[PDB]
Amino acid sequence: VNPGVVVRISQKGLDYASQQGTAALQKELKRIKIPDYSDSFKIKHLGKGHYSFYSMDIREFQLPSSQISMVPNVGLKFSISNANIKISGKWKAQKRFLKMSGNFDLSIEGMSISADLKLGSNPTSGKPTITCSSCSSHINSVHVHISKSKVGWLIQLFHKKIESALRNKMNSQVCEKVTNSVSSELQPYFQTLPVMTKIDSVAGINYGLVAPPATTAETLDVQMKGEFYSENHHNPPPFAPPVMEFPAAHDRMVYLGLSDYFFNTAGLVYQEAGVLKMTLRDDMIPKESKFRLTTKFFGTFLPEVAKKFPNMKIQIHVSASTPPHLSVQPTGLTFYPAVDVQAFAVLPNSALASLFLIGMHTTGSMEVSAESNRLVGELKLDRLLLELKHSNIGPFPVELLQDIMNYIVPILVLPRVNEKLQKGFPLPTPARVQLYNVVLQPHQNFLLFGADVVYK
């Protein structure tokens, strides 16, 4: 009912998908092998004989326009309205000893084809299914042309004795190619949608369908789990996805709803894996900085440090003991980072002696974009708010640490975060599809990305 991620396909997107599937189908239809047709007569050039229309080949199979119709709560209807086929072949006729022969062109006009497609999902695998439940093909007219004018009688025999058979067979071969194509090419194609999509050595994203695709008058909605996960952990997140409702729009081909839940499961997985941490040593503090990680330097501003731990190096460990939350409002995405920062003196035997522990938090904006079928981000921070948690060097006002923290964060900590946000995460795109004309509109509890698709 409430997925973590939804992909809504508009009539515009289905109009494009129709054009692409028609292109593929056109090449296969053109390969139909038309049977030879032979018969006999008692109707001159001289009474007697037999005749045959043979070695026919489809020179052109024109599919001018096609459409995909959304049938509410039923599925999709694929239709081709005014198709025309041009065929070239050989003919021969015989009456007593007279042999006649030549080439002919056949024009099949006004052919209409239609096929109903039932969309579903395999609940265990999270993969989509598409089946063809019916197909019909009809023809409006057939015209035969032969360069030799003297065989009008033979074209009349074609109409009286061959045309119906030839039309019936063509309509069946056409629906055979259509039905075969759905099972053998269409379903496997949409099954290229990713299910368990691995990002790195720590996480993956589950994009498996949690319901069968649902068709309404103006939308085809594909509901996906949309949960980041660890290949080591198994527990579901303790929070739930929000309802994501938005009006049908037709300006773009697809609409991606990325819930706040989706983003927060990413914070949960990486924090639980223990990777949201960093150790800072004095050798990592840019030469340009006045702040040095040594008890000597810290002694210039804090209490017992230089005294209690003389001429020792200091290390600052930064970590997240709780998963960082993200909220989505019409204003955009907001990130609420909370980090523990603990300072240690390095002892004569290299062991770490705790000096103090503070908590640091702020609000940050998360700008989200698209880039090569992946989502990428950039985090910017507001003022850093500090709180003293514990001290082994006596009481002191946490404000004394404001300057060093104002430097260390944007210079050394934030960049590591933004390098990873820029590397990004894969979107659920099927094979050979790329997104363009992207627009973003934040909504309450989810980000909505609208986009056009290009297939190759």
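Residue indices: 1-based, along the sequence shown.
Original post:
Per the PDB record, is the mean Cα temperature factor higher over 201 to 209 or over 169 to 177?
Top reply: Looking at the record's C-alpha B-factors, the answer is 169 to 177.
**OP:** Output the stretch having the higher mean C-alpha B factor in the entry; the candidates are 412 to 420 and 396 to 404.
**Re:** Higher of the two, by average CA B-factor, is 396 to 404.
Subject >> Which of 242, 359, 238, 286 ranks first by CA B-factor in the deposited coordinates >> reply: When the deposited C-alpha B-factors of 242, 359, 238, 286 are compared, 286 is largest.
Subject >> Among 330, 75, 226, 126 - the residue whose C-alpha B-factor is largest in the record >> reply: In the PDB entry, the greatest C-alpha B-factor among 330, 75, 226, 126 is found at 330.
Original post:
If you rank every modelled residue in this chain by C-alpha B factor, which third holds residue 221: lowest, middle or highest?
Top reply: As the PDB entry reports it, the C-alpha B-factor of residue 221 lands in the middle third of its chain.
Original post:
Among the chain's modelled residues, which third holds the C-alpha B-factor of residue 301?
Top reply: Residue 301: CA B-factor falls in the highest third of its chain.
**OP:** For residue 41, return the chain-relative third of its C-alpha B-factor as stated in the PDB record: lowest, middle or highest.
**Re:** Highest third.
Original post:
When the modelled residues of the chain are sorted by Cα temperature factor, does residue 255 land in the lowest, middle or highest third?
Top reply: As the PDB entry reports it, the C-alpha B-factor of residue 255 lands in the lowest third of its chain.
Original post:
Among the chain's modelled residues, which third holds the C-alpha B-factor of residue 66?
Top reply: For residue 66, whose C-alpha B-factor we compare with every modelled residue in the chain, the answer is the highest third.
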